[PDB]
Amino acid sequence: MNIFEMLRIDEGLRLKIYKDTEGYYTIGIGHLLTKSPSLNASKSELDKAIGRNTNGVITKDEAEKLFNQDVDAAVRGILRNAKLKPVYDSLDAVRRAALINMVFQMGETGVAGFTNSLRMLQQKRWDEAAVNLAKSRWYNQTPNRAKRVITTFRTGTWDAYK
Ligand SMILES: [Cl-]
Ligand SMILES: [Cl-]
């Protein structure tokens, strides 16, 4: 198991524009297009992201290409962020993947705000961090995915994904 496989399970794959859990226009493997309520605006963002007149449909390779860019972006975002970098650096390989998952979902800013949880993780207080992580909108809105990520941090294994 690795970050790509992990996120592919969490986000799924859709080749046609769809609305995510929040009602936002998305495509491929969790690639957010726009938060705007306009389908056309999303089709325009899509064409701009792909480099062609897509007409709201993309191929598998194209979806995969957006995914590679998005994962790379998340990692680089973490490394550039003063609040995240130190945590990331303190973690083992598996938990690093859990941190990347959250950033991919909520954006670096979003995650940077789980101040207390971040400190617990850095301290290696696994059980406490899992408890703190659960008291959040994130957990309440996407409980199954959140549970998978939290188990990952708590155990340091890929058990929730097997
Ligand atoms: Cl893009
Ligand atoms: Cl869920």
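Per the header: X-ray crystallography, 1.8 Å.
Cβ from N, Cα, C; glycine included.
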TODO: Given that Swiss-Prot annotates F104, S117, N132 as substrate-binding, name the residue from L32, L33, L39 that shares the site.
DONE: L32
Open item on the list: Using CB atoms and a 10 A radius, I'd like the single residue among the active-site residues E11, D20 with the highest neighbour count.
Closed with: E11
- [ ] For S117 (substrate binding site), write down the residues of its own chain that are at least 6 apart in sequence and whose Cβ falls under 8 Å from its Cβ; none is a fine answer.
- [x] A129, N132, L133
TODO: Grab the substrate binding residues from the record (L32, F104, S117, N132) and give me their largest CA-CA distance in Å.
DONE: 27
- [ ] Look at the binding-site residues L32, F104, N132 and tell me which residue has the greatest number of other C-beta atoms within 10 angstroms of its C-beta.
- [x] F104
